[PDB]
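In structure tokens, one chain follows: the form deposited without guanosine-5'-triphosphate (GTP).
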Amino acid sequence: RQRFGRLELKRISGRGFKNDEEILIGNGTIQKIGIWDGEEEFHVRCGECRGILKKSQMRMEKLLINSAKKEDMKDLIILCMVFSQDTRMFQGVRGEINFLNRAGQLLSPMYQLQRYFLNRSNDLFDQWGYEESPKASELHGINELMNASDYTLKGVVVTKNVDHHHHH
């Protein structure tokens, strides 16, 4: 298990291997970041929102989450985008990411990005792209407002809250 801010992750599959890399991000600066390599899958959680994340090097491939309070859905999605180190996420930054922690030090790059995008999600979602929603019965698409929609944030899908076995 591990934590990335409010995000909690449990490995489902794959191996965790990290290499330091220099990354030119969207504001024209170079950041030194431990980049994860390899296909990995995780159980993910933020508040009451849970999901499954599938990713590879600097690429969020698929994110399946459940319906929950909208603030927890949105934070889960953003944190997963940042945690996945997706290239679209790096390209979304504008101006300086020079936030200080409570000790007067600069946050490290991954935490700069977490802080930047949690509070400026439209910069992320605009670079992320939208695709047609899935039309597999159990899944629906989700838009920037965390509403069910005919289009969806690319690679993101949501399960419906259904009483499958008629428990009531």
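Start at 1 and count along the sequence shown; that's the residue number.
Although not depicted, the form solved in complex with guanosine-5'-triphosphate (GTP) is the subject of the following passage.
- For the chain shown alone, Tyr111 is a contact residue for guanosine-5'-triphosphate (GTP) in the bound PDB entry, at least one non-hydrogen atom being within 4.5 angstroms.
- At least one heavy atom of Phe42 is located within 4.5 Å of guanosine-5'-triphosphate (GTP) in the bound PDB entry.
- When contacts are judged by a 4.5 Å heavy atom cut-off, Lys18 counts as touching guanosine-5'-triphosphate (GTP) in the bound PDB entry.
- Among heavy atoms of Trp36, some come within 4.5 Å of guanosine-5'-triphosphate (GTP) in the bound PDB entry.
- Candidate site formed by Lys69, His140 and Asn147: none of these residues places a non-hydrogen atom within 4.5 angstroms of guanosine-5'-triphosphate (GTP) in the bound PDB entry.
- Contacts between stretch 44 to 58 and guanosine-5'-triphosphate (GTP), counted in the bound PDB entry as any heavy atom lying within 4.5 Å, involve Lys55 alone.
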